[PDB]
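Peer 1: Have a look at this one.
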Amino acid sequence: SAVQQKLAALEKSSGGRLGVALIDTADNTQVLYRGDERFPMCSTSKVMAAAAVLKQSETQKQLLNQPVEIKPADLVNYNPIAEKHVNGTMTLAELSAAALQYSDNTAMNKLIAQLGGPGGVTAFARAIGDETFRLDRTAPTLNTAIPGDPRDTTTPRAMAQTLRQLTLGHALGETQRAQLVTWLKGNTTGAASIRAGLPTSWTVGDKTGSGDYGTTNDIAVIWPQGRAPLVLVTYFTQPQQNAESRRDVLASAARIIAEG
Ligand SMILES: *C(=O)[C@@H](NC(=O)[C@H](N)c1ccccc1)[C@@H]1N[C@@H](C(=O)O)C(C)(C)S1
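Using PDB author numbering, you'd call the opening residue of the sequence shown number 28 and step up by one each time.
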């Protein structure tokens with residue numbers, strides 16, 4: 028197509044490896060660029076963890092109100108919210124909000140522990156039909172993003188298909204799906220990524236990701252006004268370990284997609 032040429036041109040101008048997957052839910056067509064290649068998810072895998080706890084809430088009705096201790100030894104590299112409740116407690120609802128809207132790594136590790144380890148997160152992915160998603164490590168070592176390392180990776184095709192079933196499909200209950208949609212719309216970390224390349228009248232819920240080798244990710248569900256919703260995944264990684272983040276590439280990919 029024409030989007031393929033411009034995405035390939037954007038990737039050439041960036042010096043890195045770009046992966047894009049779009050699903051238009053009006054006709055279920057797919058716009059893929061390197062859609063079957065493996066990319067490090069970094070903190071875009073947090074959506075899987077929050078959705079798995081939400082799935083647990085379908086049986087444990089009062090699970091999200093359960094308090095969880097935040098002790099100093101739980102602190103890691105980036106804890107913007109959990110820093111404020113040390114020697115106190117946060118409920119699983121506020122931990123999911125801290126993980127999704129502020130990318131709190133301590134909040135993520137608390138979701139992983141609630142699920143019985145990273146194997147419990149991958150289990151939820153297989154239970155909803157995702158055979159590519161694999162979580163192998165806790166935060167922050169899941170952000171190492173070594174080239175060729177299969178740990179903590181997924182493909183754009185699989186992540187877009189899964190994100191649709193969670194936010195638009197019916198892998199979750201209504202209260203759970205609406206709670207996940209509300210969380211993603213309140214994200215505070217994606218102003219410079221997918222959101223920066225979309226028409227400002229479009230409402231977006233998204234989750235960003237960052238890691239070593241300049242890894243810059245963003246997955247998003249997009250509601251255009253007067254049009255069926257869309258799902259967009261943008262993965263980007265770079266050859267140099269000390270590479271700087273490239274959120275501008277994610278915006279440019281979204282603009283190329285939105286024009287399509
Ligand atoms: C996952 O994406 C997380 N990233 C990390 O833990 C990295 N070790 C890191 C990268 C850059 C600065 C500090 C730590 C969290 N999610 C990122 C994001 O959404 O962009 C993050 C920078 C907020 S940290």
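Beta carbons are placed, not taken as given, at the ideal position from N, Cα and C, and that holds for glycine.
Counting C-beta neighbours from all protein chains within 10 Å, is the total for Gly-146 16 or more, i.e. buried, or is it exposed?
Peer 2: Exposed, by the Cβ-count rule.
Peer 1: Assuming contact is defined by CB atoms lying nearer than 8 Å, are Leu-49 and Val-258 in contact in what I supplied?
Peer 2: Going by C-beta atoms, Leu-49 is nearer than 8 Å to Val-258.
Peer 1: Quick check: does the Cβ of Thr-194 come within less than 7 Å of any heavy atom belonging to ligand 1?
Peer 2: Answer for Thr-194: no, Cβ out of range of ligand 1.
Peer 1: Using 7 Å as the cut-off, classify the Cβ of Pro-67 as near or not near the heavy atoms of ligand 1, replying yes or no.
Peer 2: No, the Cβ of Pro-67 stays beyond 7 Å of every heavy atom of ligand 1.
Peer 1: Pull up the DSSP beta-bridge partners for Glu-96, would you.
Peer 2: BP columns for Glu-96 point to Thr-116.
Peer 1: Do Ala-281 and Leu-37 come within 8 Å of each other at the CB atom, strictly closer than that value?
Peer 2: Going by C-beta atoms, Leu-37 is not nearer than 8 Å to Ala-281.
Peer 1: Please list, in chain order, all residues with a C-beta atom less than 5 Å from at least one heavy atom of ligand 1.
Peer 2: Cβ atoms closer than 5 Å to ligand 1 belong to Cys-69, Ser-70, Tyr-105, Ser-130, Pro-167, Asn-170, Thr-216, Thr-235, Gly-236, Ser-237.
Peer 1: Can at least three beta-carbon pairs, one atom from the stretch 199-214 and one from the stretch 75-88, be found at a separation below 8 Å?
Peer 2: Segments in contact, yes.
Peer 1: Name the one or two DSSP bridge partners that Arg-161 has.
Peer 2: Per DSSP, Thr-180.
Peer 1: Any heavy atom of ligand 3 closer than 7 Å to the CB of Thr-202?
Peer 2: You won't find ligand 3 in this model; what it holds is ligand 1.
Peer 1: With a cut-off of 8 Å on the beta carbons, I'd call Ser-220 and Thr-242 a contact; round off their distance for me.
Peer 2: So it is not a contact: roughly 13 Å between Cβ atoms.
Peer 1: Please list the terminal residues of the continuous beta strand (DSSP E) segment that includes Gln-57.
Peer 2: Here the beta strand (DSSP E) through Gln-57 covers 56-60.
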